[PDB]
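> Take this structure, written in C-alpha cells, and hold onto it; I'll ask about it next.
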Amino acid sequence: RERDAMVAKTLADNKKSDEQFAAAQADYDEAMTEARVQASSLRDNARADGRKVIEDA
Amino acid sequence: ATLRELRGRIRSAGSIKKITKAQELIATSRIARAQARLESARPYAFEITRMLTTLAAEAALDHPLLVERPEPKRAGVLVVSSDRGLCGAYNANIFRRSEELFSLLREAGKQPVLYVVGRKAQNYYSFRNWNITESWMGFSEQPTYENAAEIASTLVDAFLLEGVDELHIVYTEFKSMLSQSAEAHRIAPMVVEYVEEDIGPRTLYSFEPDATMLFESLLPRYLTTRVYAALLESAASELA
Amino acid sequence: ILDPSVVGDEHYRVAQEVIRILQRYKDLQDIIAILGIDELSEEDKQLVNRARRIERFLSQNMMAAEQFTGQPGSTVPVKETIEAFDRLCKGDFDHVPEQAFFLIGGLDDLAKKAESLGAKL
Amino acid sequence: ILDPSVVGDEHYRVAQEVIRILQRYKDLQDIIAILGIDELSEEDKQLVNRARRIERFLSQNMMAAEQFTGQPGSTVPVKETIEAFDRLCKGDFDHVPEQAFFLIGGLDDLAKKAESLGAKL
Amino acid sequence: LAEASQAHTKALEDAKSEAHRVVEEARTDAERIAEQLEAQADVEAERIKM
Amino acid sequence: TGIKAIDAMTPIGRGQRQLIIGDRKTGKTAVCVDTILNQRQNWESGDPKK
Amino acid sequence: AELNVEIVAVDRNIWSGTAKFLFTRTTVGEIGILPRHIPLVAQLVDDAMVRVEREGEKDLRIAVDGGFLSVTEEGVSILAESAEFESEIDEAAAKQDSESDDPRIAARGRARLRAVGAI
Amino acid sequence: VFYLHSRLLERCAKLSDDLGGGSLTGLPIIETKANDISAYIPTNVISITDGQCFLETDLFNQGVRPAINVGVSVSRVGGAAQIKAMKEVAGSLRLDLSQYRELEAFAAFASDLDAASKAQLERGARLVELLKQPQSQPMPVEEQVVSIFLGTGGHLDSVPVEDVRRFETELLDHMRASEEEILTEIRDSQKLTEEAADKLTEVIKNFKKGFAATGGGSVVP
Amino acid sequence: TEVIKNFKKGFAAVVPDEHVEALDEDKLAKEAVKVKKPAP
Amino acid sequence: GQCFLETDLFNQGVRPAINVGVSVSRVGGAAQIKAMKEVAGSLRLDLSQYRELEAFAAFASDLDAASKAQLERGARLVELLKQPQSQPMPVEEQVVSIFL
Ligand SMILES: Nc1ncnc2c1ncn2[C@@H]1O[C@H](COP(=O)(O)OP(=O)(O)OP(=O)(O)O)[C@@H](O)[C@H]1O
Ligand SMILES: [Mg+2]
C-alpha cells in the first residue's frame with residue numbers, strides 16, 4: 001500500500017511541480033502586465049492634466 | 001452624364017477583375033491541397049479493397065448489398081454538388097449527368113429517389129419541384145470521413161429497407177487537372193465478377209471468426225470509403 | 001469646424017469612423033452587386049450590415065417634411081447623436097433589422113420602432 | 001522591321017522564341033509572387049529559370065557606364081546576339097548561376113564570367 | 001519539487017523588483033513630461049501676451 | 001515639408017517645383033501650411049544658409 | 001529478421017516501420033504476430049489497442065478505432081477509422097468519456113485508455 | 001495660358017554659387033474636378049513642374065491623411081533631395097508599399113498565402129499606418145527618420161496595426177525626453193551610423209517592454 | 001377590413017420533363033467485388 | 001415635381017412606367033383627400049426602399065425575415081400599381097386598392 005502511495009506521490013509531485021513551474025511564468029507575466037498598465041496609466045494622467053494646465057494658462 | 005457613368009463602370013470592372021484574379025490564385029492553392037488529400041486517402045482504399053476480395057474468395061456471396069433484387073421499384077441517387085457558386089459549368093454538368101441517369105432509371109420502371117450533397121443541387125432540385133429525401137451541406141470543399149460515413153450509412157439503410165432497390169452516385173471525377181467529368185456510378189448492389197484464379201497452390205488465409213461474418217462486416221466500410229473517395233474527387237474537381 | 005479642437009475628440013472620432021465605414025461600403029457596393037455579398041469576408045459582411053444601418057440612421061423625419069410623409073418631425077441633441085453613432089459603429093445594434101433605423105429620431109425612437117418590428121437593443 | 005523580310009528568318013525565330021518565353025514567365029510571375037515558386041510544376045520551374053537567365057542576359061555593359069566602372073562598353077554583333085539567345089533558349093546555360101549574366105557582352109564574356117565563378121560549359 | 005518550489009518564489013521576487021524598477025522609470029519620465037508641458041504652457045502664454 | 005509621406009516618397013529640393021494637385025477638401029492648403037510651419041526651426045537657427 | 005507493420009488510417013498513413021512483435025486483440029481474443037506467421041484476416045475489437053515492439057526502442061502503443069488486421073508474407077497491415085498514439089492521448093477526456101452511453105464514443109474512450117497504460 | 005503658367009513656374013530656380021546660391025522652391029496648387037487630371041490646366045501644370053503630389057478624396061475618407069496617393073505621386077529630383085539617413089530608410093519603403101498594394105486583394109485569405117506574402121501584407125499595413133499624420137503638426141527630419149526606421153526596420157511587427165500611430169508618437173516622445181543624443185547625431189551628421197542604429201534598436205526594445213497596447217497584450221517579440 | 005377578409009375566403013387563388021434522353025447503360029460504372037475464384 | 005417614365009420599366013411590364021425612385025410631387029399630401037393621404041402616406045418611400053433592397057439582395061443567398069417580408073410587400077405593391085391604358089379609377093376605388 002505504501003509503495004503504491006510512493007508512486008502516487010511521485011506522479012503527483014511531478015504533476016503539480018510542472019504546474020507550479022508554469023504558474024511561475026504565469027505570475028511573472030501577470031506582474032509585468034500589471035506594471036505595464038500601471039506605468040501607462042501613469043504619464044497619461046500626466047499628459048492629460050498637463051494639457052489641462054496649458055488650456056487654463 | 002455618360003462620362004461619369006463610364007468612369008464609374010471602369011472602376012467597378014477593375015474591382016471585379018482584381019477580386020476574380022485573387023479567387024483564381026486561391027483556387028490554385030486549394031486544388032493543390034485537395035489533390036494532397038486525395039492521394040493521401042488512396043492507400044487505405046486500396047488495402048480495404050484487397051482485403052475485401054480476399055474475404056470474398058472464400059465467402060458465401062448472399063449479402064443483401066451483393067445480390068440483385070428482383071423487381072426493382074425505386075433507386076436512390078446521391079448527387080454531389082458544391083456550396084459556393086463561383087465555379088463554372090460544374091454543377092450544370094452534374095445535373096445533366098443526373099438527368100441522364102434519371103432517364104435511364106425511368107426506362108427501367110424505377111422511380112428515382114433523390115439525396116443531395118450541397119446547396120446548388122438543392123436549388124436546382126427545389127426549383128424543379130423534386131422532393132429531396134435528405135440533404136447535406138457545408139462540407140463540399142473540405143469533406144471529412146465522418147460526412148462520408150453518415151451519408152453512406154443513410155444510403156445503405158435506405159437500401160436494406162421508404163426503401164430502394166439500388167444506389168447510384170452522380171459526382172465529378174477529377175483527372176489531369178484539365179478535364180473534370182461528371183460520372184454516374186452504381187454503388188449497390190455490387191456486381192460480382194470472377195476475374196481470375198491468380199493463386200492456386202497459395203497459402204490459405206485464416207479467418208477469425210469466419211469469412212462470411214468478416215465479409216458482411218467489411219462491405220459497408222467499403223461502400224463508405226468509396227463515398228469518401230467520391231467526395232474527395234468532387235472537392236478537387238470543384239476547386240479546379 | 002469638423003476639427004478636434006472645435007467639436008471635441010469624441011464628436012470628431014465618431015464622425016471619422018462613420019465616414020470610413022461608409023467609404024468602405026461604397027467601395028464594396030459594386031462587388032456586392034455583381035458577385036454577391038456572400039463572396040466578401042466576415043469582417044466585410046459585418047461592416048456592410050453596419051454601414052447599411054448607419055446610412056439609414058443618418059436619415060431623419062424632418063419637421064418640414066410632414067407634408068410629404070404625414071409623420072411629425074424629430075429633434076436630436078448633438079450628444080445623443082454622438083453616442084448613438086458611437087454605439088452603431090461599435091456594433092451594439094447589429095441585431096436590429098435594417099428598418100427601425102429609417103426616418104426616426106434618437107435612440108428612444110430606435111427602440112420604439114425596433115420593438116414595433118419584434119426586436120430589442 | 002522585326003520581320004522575316006527585313007531581319008531574316010533566324011533573327012525572327014530567335015526573337016519570337018525569346019518573346020514567348022518571357023511572356024510565359026510574366027504570366028507565371030503572379031503565381032510565383034503570391035503563392036510561391038515552390039508550388040510551380042517542374043516544366044514551369046525549368047521555364048522560369050531559363051526565362052530569368054534570358055531576361056538577365058538582355059542586360060549589357062553600356063558604354064555610358066564606363067565612366068563609373070572603367071570597363072569598356074560592348075558592341076555585340078547581331079549574329080552573335082542571335083547565336084547567344086538561340087543557345088540560351090535551347091538550354092546550354094541552364095546550370096550557370098544568374099549573377100554570371102548581369103552586364104556582359106557576347107558569348108565569350110559570358111563564358112569568362114562563368115569560369116571566374118567556378119562554372120564552365 | 002523542492003527546486004521548482006524555490007525557483008517559483010525566486011522568479012516571483014525577481015519580477016517584483018524589476019517591475020518596481022520599470023514603474024519607477026515611468027514615474028520619472030512622467031514628471032519629465034509634466035515639466036516639458038508646463039514649459040510649453042508658459043511659452044504659449046507669453047506668445048499670446050506679445 | 002515635415003510630412004512623412006512627402007519627405008520620404010516624393011522629396012522636394014531647394015529649387016524644385018512640386019505640384020499639390022487634388023479635387024477639393026483633400027488637404028492641399030494643409031500640406032502647404034505644414035510645409036511653411038516646418039521652417040520655424042530653420043528660422044530660429046539664424047543661419048542665412050538654413 | 002523482423003516483420004513490417006503498416007497502419008493506415010482512412011485518410012492518412014498513421015505509421016509504418018519494422019517490428020519484432022505485434023500484439024493486438026481480435027474479436028476472437030488476443031493475438032501476437034511474430035516475424036513469420038500464417039496469412040490471416042481478422043476484425044479488431046471495438047476498443048482495440050496495438051502494441052508494436054521494436055528492436056532498439058520502447059514498445060509503441062496505438063489506440064485503434066474501427067480497425068481490421070491482415071497478416072501476409074510481407075508483413076502486418078492494420079486498417080483504422082481513427083488511430084491515436086500513446087504520446088498524445090489526454091487521460092482526462094479519455095477517462096471521462098469512457099462511461100458515456102454512446103457505444104462508439106465509449107469504445108474510443110476505452111481504446112484511448114488502454115493505449116496510455118491504464119485499464 | 002501654358003505660357004502664363006510656365007513663365008511663372010520657371011522662375012523658381014536654384015542659382016549658381018556665382019550668383020549667390022539662392023533658391024526659390026515653388027508649390028503650386030491645382031484643384032481638379034472629379035479627379036480629372038487630364039483637364040487642360042492640370043495637364044499644363046503637370047507638364048511644367050518637377051513632380052506631383054496627388055491628393056485624393058477616397059484616400060481622405062479611408063482615414064489616410066495626408067491623402068497622398070503614393071502610387072502615382074512622383075518627384076523627378078528624387079533621392080538627390082534627401083539626407084543620407086532619410087535616403088536609406090525610405091528606399092525600403094516604395095517597394096514595400098507597392099507590394100502591399102498588389103497583395104491587399106488577398107487581405108482576407110492570409111491563410112492561403114505564403115509566409116512571405118502574409119509578412120509583406122502585414123508590413124504594408126503597418127507602413128500605411130506609419131505615413132499618417134495630424135494636421136498642423138510637422139515633424140523635423142530626424143524624427144521622421146526614426147519613425148521610418150521603426151516602420152522599415154521591423155520594429156512595428158509586434159504592435160497591433162490599430163496602435164502603430166500611438167506607439168510611434170510615444171516612442172518619439174520618449175526619445176525627446178530621455179535619449180536626445182540619437183536625434184542630435186541624426187540632425188548634425190545627416191546619417192544614421194551603425195552605433196546610432198544599435199542605440200536606437202535597444203531604446204526601441206526597452207520602450208517595447210514598457211509599452212502597453214490597446215488590446216491588452218504586450219508588444220514584446 | 002372585414003369585407004376584404006370575407007372576400008379572401010371566397011377568392012379562388014410536377015417535375016418538368018427536361019426531354020433528356022437516357023444515359024448509356026455502358027456509362028453507368030458498377031462497383032464490383034473482384035472475386036479471384038472462378039465459378040461463373 | 002416630375003413623373004419620370006422609363007423604357008426599361010415599360011418593357012418589364014410596369015405600366016405606367018413611372019420611376020418611383022426619382023419621381024416626386026412637391027405639393028404632396030395637400031393634393032390628396034384625407035383617405036388617400038392616410039392610406040398612401042409613405043408609399044413612395046416604401047417603394048424606393050424596396051427597389052433599393054431588391055437591387056442590393058439580387059444575389060444574396062439567404063436574407064433575414066424582415067428583408068424577405070419587405071421584398072414580398074414590395075412585389076405586391078408594385079403589382080398593385082400597374083394599370084392598363086384608358087382605364088381610370090375613381091378616388092374611392094384607388095383608396096380601397098392602396099388600403100389592400
Ligand atoms: N493631415 C490631416 N489630418 C486630418 N485632417 C486634415 C488633414 N489635412 C487636412 N485636414 C482637414 O481637411 C479639411 C479641408 O482641408 P484643406 O482645406 O486643407 O483642403 P484644400 O485642399 O484647401 O481644399 P479647398 O482648397 O477646396 O478648401 C480641413 O478642415 C482639415 O481639418
Ligand atoms: Mg485650399
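Each chain in the C-alpha cells gets a letter, A, B, ..., in the order shown, and its residues are numbered from 1; ligands are numbered from 1 in order too.
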Ligand 2: which residues are within 9 Å, counting only C-alpha atoms and all ligand atoms? Reply as a ChimeraX atom specification.
/F:24-30 /H:29,31
> Mind writing the picked residues with N, CA, C and O atoms as a PDB file, in the first residue's frame?

ATOM      1  N   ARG F  24     -10.748  68.701 -54.029  1.00  0.00           N
ATOM      2  CA  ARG F  24     -11.078  69.763 -53.087  1.00  0.00           C
ATOM      3  C   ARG F  24     -11.326  69.140 -51.722  1.00  0.00           C
ATOM      4  O   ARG F  24     -11.817  68.011 -51.638  1.00  0.00           O
ATOM      5  N   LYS F  25     -11.005  69.868 -50.657  1.00  0.00           N
ATOM      6  CA  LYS F  25     -11.126  69.354 -49.295  1.00  0.00           C
ATOM      7  C   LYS F  25     -10.338  68.058 -49.125  1.00  0.00           C
ATOM      8  O   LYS F  25     -10.738  67.161 -48.384  1.00  0.00           O
ATOM      9  N   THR F  26      -9.207  67.958 -49.824  1.00  0.00           N
ATOM     10  CA  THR F  26      -8.321  66.812 -49.701  1.00  0.00           C
ATOM     11  C   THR F  26      -7.055  67.116 -48.916  1.00  0.00           C
ATOM     12  O   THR F  26      -6.307  66.185 -48.604  1.00  0.00           O
ATOM     13  N   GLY F  27      -6.793  68.378 -48.595  1.00  0.00           N
ATOM     14  CA  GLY F  27      -5.682  68.724 -47.733  1.00  0.00           C
ATOM     15  C   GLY F  27      -4.507  69.373 -48.430  1.00  0.00           C
ATOM     16  O   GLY F  27      -3.366  69.198 -48.004  1.00  0.00           O
ATOM     17  N   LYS F  28      -4.764  70.132 -49.494  1.00  0.00           N
ATOM     18  CA  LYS F  28      -3.685  70.805 -50.208  1.00  0.00           C
ATOM     19  C   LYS F  28      -3.189  72.027 -49.441  1.00  0.00           C
ATOM     20  O   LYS F  28      -1.981  72.185 -49.213  1.00  0.00           O
ATOM     21  N   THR F  29      -4.114  72.899 -49.042  1.00  0.00           N
ATOM     22  CA  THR F  29      -3.754  74.024 -48.187  1.00  0.00           C
ATOM     23  C   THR F  29      -3.085  73.543 -46.909  1.00  0.00           C
ATOM     24  O   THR F  29      -2.147  74.176 -46.418  1.00  0.00           O
ATOM     25  N   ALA F  30      -3.552  72.423 -46.358  1.00  0.00           N
ATOM     26  CA  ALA F  30      -2.951  71.889 -45.144  1.00  0.00           C
ATOM     27  C   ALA F  30      -1.510  71.457 -45.382  1.00  0.00           C
ATOM     28  O   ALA F  30      -0.628  71.744 -44.568  1.00  0.00           O
TER      29      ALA F  30
ATOM     30  N   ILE H  29      -0.675  74.856 -56.507  1.00  0.00           N
ATOM     31  CA  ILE H  29      -1.816  74.057 -56.090  1.00  0.00           C
ATOM     32  C   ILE H  29      -2.835  74.064 -57.216  1.00  0.00           C
ATOM     33  O   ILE H  29      -3.156  75.126 -57.761  1.00  0.00           O
ATOM     34  N   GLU H  31      -6.710  72.469 -58.288  1.00  0.00           N
ATOM     35  CA  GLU H  31      -7.943  71.769 -57.953  1.00  0.00           C
ATOM     36  C   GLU H  31      -8.499  71.123 -59.213  1.00  0.00           C
ATOM     37  O   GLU H  31      -9.015  71.812 -60.097  1.00  0.00           O
TER      38      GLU H  31
END
> Residues within 10 Å of ligand 1 should be enumerated using only C-alpha atoms and all ligand atoms and returned as number ranges by chain.
C: 1-5, 16; F: 3, 20-34; H: 29-32, 55-56, 60, 63-68, 132-138
> Find the distance between CA of residue 57 (chain D) and CA of residue 69 (chain D) and write it in Å to one decimal.
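If I compute the distance from CA of residue 57 (chain D) to CA of residue 69 (chain D), I get 18.6 Å.
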> If we count only C-alpha atoms and set the cut-off at 9 Å, which residues sit around region 9-25 of chain E, ignoring sequence neighbours fewer than 2 positions away in its own chain? Please answer as a ChimeraX atom specification.
/A:24-25,27-29,31-32,34-36,38-39,42 /E:4-7,27-30 /H:210
> Let me make sure I understand: among H:188, H:122, H:112, H:10, which one has the smallest atom-to-atom distance to chain D if we use only C-alpha atoms?
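Between H:188, H:122, H:112, H:10, the residue approaching chain D most closely is H:112.
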> Which neighbours of region 95-102 of chain B fall inside 6 Å, counting only C-alpha atoms, when residues of the same chain fewer than 2 positions from it are skipped, and could you give them as a ChimeraX atom specification?
/B:92-93,104-105 /I:22-23
> Which residues come within 12 Å of residue 26 (chain C), counting only C-alpha atoms, excluding same-chain residues fewer than 6 positions away, as a list in words?
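So the residues in contact are residues 8, 11, 12 and 15 of chain B; 19, 20, 32, 33, 44, 47, 48, 51, 52 and 55 of chain C; 58, 61 and 62 of chain H.
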> Could you dump the residues just selected with C-alpha atoms as a PDB file, in the first residue's frame?

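Here's the written file out-v1.pdb:
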ATOM      1  CA  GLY B   8     -17.605  54.516 -62.581  1.00  0.00           C
ATOM      2  CA  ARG B  11     -13.734  51.434 -61.618  1.00  0.00           C
ATOM      3  CA  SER B  12     -16.285  48.704 -60.874  1.00  0.00           C
ATOM      4  CA  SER B  15     -12.633  45.894 -58.752  1.00  0.00           C
TER       5      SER B  15
ATOM      6  CA  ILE C  19     -17.129  58.346 -42.895  1.00  0.00           C
ATOM      7  CA  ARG C  20     -14.640  55.465 -43.060  1.00  0.00           C
ATOM      8  CA  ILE C  32     -21.784  43.013 -53.817  1.00  0.00           C
ATOM      9  CA  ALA C  33     -23.884  43.916 -56.853  1.00  0.00           C
ATOM     10  CA  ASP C  44     -16.634  42.897 -44.660  1.00  0.00           C
ATOM     11  CA  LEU C  47     -19.067  46.222 -41.951  1.00  0.00           C
ATOM     12  CA  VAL C  48     -21.712  46.105 -44.692  1.00  0.00           C
ATOM     13  CA  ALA C  51     -22.896  50.615 -42.982  1.00  0.00           C
ATOM     14  CA  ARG C  52     -26.449  49.949 -44.129  1.00  0.00           C
ATOM     15  CA  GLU C  55     -26.732  55.154 -43.735  1.00  0.00           C
TER      16      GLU C  55
ATOM     17  CA  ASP H  58     -11.281  58.371 -51.471  1.00  0.00           C
ATOM     18  CA  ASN H  61     -12.272  59.248 -46.389  1.00  0.00           C
ATOM     19  CA  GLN H  62     -10.411  55.986 -45.679  1.00  0.00           C
TER      20      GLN H  62
END
> Please, which residues of chain J lie no more than 10 Å from chain I when the count uses only C-alpha atoms, and can they be set out as a PyMOL selection string?
chain J and resi 96+99-100
> What's around residue 4 (chain G) at 8 Å? Count only C-alpha atoms, leave out sequence neighbours fewer than 4 positions away in its own chain, and write the answer as a PDB file with N, CA and C atoms, in the first residue's frame.

ATOM      1  N   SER G  16       4.384   3.357 -40.137  1.00  0.00           N
ATOM      2  CA  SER G  16       4.952   2.321 -40.982  1.00  0.00           C
ATOM      3  C   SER G  16       6.402   2.104 -40.588  1.00  0.00           C
ATOM      4  N   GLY G  17       6.736   0.864 -40.268  1.00  0.00           N
ATOM      5  CA  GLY G  17       8.103   0.549 -39.914  1.00  0.00           C
ATOM      6  C   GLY G  17       8.318  -0.940 -39.829  1.00  0.00           C
ATOM      7  N   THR G  18       9.397  -1.317 -39.154  1.00  0.00           N
ATOM      8  CA  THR G  18       9.717  -2.711 -38.909  1.00  0.00           C
ATOM      9  C   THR G  18       9.579  -2.981 -37.421  1.00  0.00           C
ATOM     10  N   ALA G  19       9.264  -4.224 -37.078  1.00  0.00           N
ATOM     11  CA  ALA G  19       8.908  -4.562 -35.711  1.00  0.00           C
ATOM     12  C   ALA G  19       9.276  -6.004 -35.413  1.00  0.00           C
ATOM     13  N   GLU G  74       4.646 -10.480 -46.546  1.00  0.00           N
ATOM     14  CA  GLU G  74       5.452  -9.282 -46.340  1.00  0.00           C
ATOM     15  C   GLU G  74       5.412  -8.826 -44.889  1.00  0.00           C
ATOM     16  N   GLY G  75       4.230  -8.485 -44.393  1.00  0.00           N
ATOM     17  CA  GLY G  75       4.106  -8.033 -43.018  1.00  0.00           C
ATOM     18  C   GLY G  75       2.670  -7.703 -42.692  1.00  0.00           C
ATOM     19  N   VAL G  76       2.465  -7.209 -41.479  1.00  0.00           N
ATOM     20  CA  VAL G  76       1.139  -6.914 -40.962  1.00  0.00           C
ATOM     21  C   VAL G  76       0.635  -5.652 -41.645  1.00  0.00           C
TER      22      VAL G  76
END
> Give me the residues within 8 Å of residue 10 (chain F) as a VMD selection string, counting only C-alpha atoms and dropping any in the same chain fewer than 3 places off.
(chain F and resid 5 to 7) or (chain H and resid 51 53 73 to 75 78)
> Atoms to include: N, CA and C atoms. Write the selected residues as a PDB file, in the first residue's frame.

ATOM      1  N   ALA F   5       5.018  61.403 -45.627  1.00  0.00           N
ATOM      2  CA  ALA F   5       4.727  60.878 -46.956  1.00  0.00           C
ATOM      3  C   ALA F   5       5.527  61.612 -48.024  1.00  0.00           C
ATOM      4  N   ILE F   6       5.540  62.944 -47.968  1.00  0.00           N
ATOM      5  CA  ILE F   6       6.279  63.719 -48.958  1.00  0.00           C
ATOM      6  C   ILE F   6       7.778  63.547 -48.763  1.00  0.00           C
ATOM      7  N   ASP F   7       8.269  63.826 -47.554  1.00  0.00           N
ATOM      8  CA  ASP F   7       9.704  63.794 -47.304  1.00  0.00           C
ATOM      9  C   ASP F   7      10.317  62.429 -47.569  1.00  0.00           C
TER      10      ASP F   7
ATOM     11  N   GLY H  51       7.473  67.528 -60.187  1.00  0.00           N
ATOM     12  CA  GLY H  51       6.868  66.384 -59.544  1.00  0.00           C
ATOM     13  C   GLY H  51       5.491  66.771 -59.061  1.00  0.00           C
ATOM     14  N   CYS H  53       2.173  65.766 -56.296  1.00  0.00           N
ATOM     15  CA  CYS H  53       1.594  65.109 -55.132  1.00  0.00           C
ATOM     16  C   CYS H  53       0.090  65.072 -55.364  1.00  0.00           C
ATOM     17  N   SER H  73       2.156  59.551 -57.127  1.00  0.00           N
ATOM     18  CA  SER H  73       2.915  60.748 -56.796  1.00  0.00           C
ATOM     19  C   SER H  73       4.396  60.519 -57.060  1.00  0.00           C
ATOM     20  N   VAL H  74       5.022  61.482 -57.735  1.00  0.00           N
ATOM     21  CA  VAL H  74       6.373  61.328 -58.253  1.00  0.00           C
ATOM     22  C   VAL H  74       7.163  62.588 -57.927  1.00  0.00           C
ATOM     23  N   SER H  75       8.484  62.441 -57.894  1.00  0.00           N
ATOM     24  CA  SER H  75       9.401  63.569 -57.766  1.00  0.00           C
ATOM     25  C   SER H  75      10.590  63.286 -58.671  1.00  0.00           C
ATOM     26  N   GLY H  78      14.161  63.445 -56.804  1.00  0.00           N
ATOM     27  CA  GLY H  78      14.392  62.161 -56.174  1.00  0.00           C
ATOM     28  C   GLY H  78      15.298  62.198 -54.964  1.00  0.00           C
TER      29      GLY H  78
END
> Using the chain letters and numbers from this document, which residues of region 79-193 of chain H does DSSP assign to alpha helix (DSSP H), as number ranges by chain?
H: 84-89, 91-103, 115-130, 141-152, 164-177, 180-189
> Could you tell me, as a PyMOL selection string, which residues of region 87-132 of chain B DSSP assigns to strand (DSSP E or B) when given the backbone?
chain B and resi 111-117+132
> Would you save the residues from that selection as a short mmCIF file (atom, residue, chain, number, x, y, z; two decimals), in the first residue's frame, using N, CA, C and O atoms?

data_model
loop_
_atom_site.label_atom_id
_atom_site.label_comp_id
_atom_site.auth_asym_id
_atom_site.auth_seq_id
_atom_site.Cartn_x
_atom_site.Cartn_y
_atom_site.Cartn_z
N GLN B 111 -38.49 4.33 -60.01
CA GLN B 111 -38.68 5.71 -59.59
C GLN B 111 -37.43 6.20 -58.87
O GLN B 111 -37.05 5.62 -57.85
N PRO B 112 -36.76 7.24 -59.37
CA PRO B 112 -35.53 7.71 -58.71
C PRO B 112 -35.85 8.43 -57.40
O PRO B 112 -36.80 9.21 -57.32
N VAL B 113 -35.04 8.15 -56.38
CA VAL B 113 -35.13 8.80 -55.08
C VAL B 113 -33.88 9.63 -54.89
O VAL B 113 -32.76 9.17 -55.16
N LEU B 114 -34.05 10.87 -54.42
CA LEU B 114 -33.04 11.90 -54.55
C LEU B 114 -32.44 12.30 -53.21
O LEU B 114 -33.13 12.87 -52.36
N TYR B 115 -31.16 12.01 -53.04
CA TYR B 115 -30.33 12.54 -51.96
C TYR B 115 -29.33 13.51 -52.57
O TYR B 115 -28.79 13.24 -53.65
N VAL B 116 -29.10 14.64 -51.91
CA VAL B 116 -28.23 15.67 -52.46
C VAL B 116 -27.16 16.05 -51.44
O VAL B 116 -27.37 15.98 -50.23
N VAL B 117 -26.00 16.45 -51.95
CA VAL B 117 -24.89 16.94 -51.15
C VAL B 117 -24.50 18.30 -51.70
O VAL B 117 -23.90 18.39 -52.78
N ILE B 132 -36.73 16.04 -52.02
CA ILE B 132 -35.40 15.58 -51.65
C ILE B 132 -35.50 14.84 -50.32
O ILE B 132 -35.93 15.42 -49.31
#
> Compile the residues of chain C that lie within 8 Å of chain J, evaluated using only C-alpha atoms, and express the compilation as an MDAnalysis selection string.
chainID C and resid 32:38 67:70 97:98
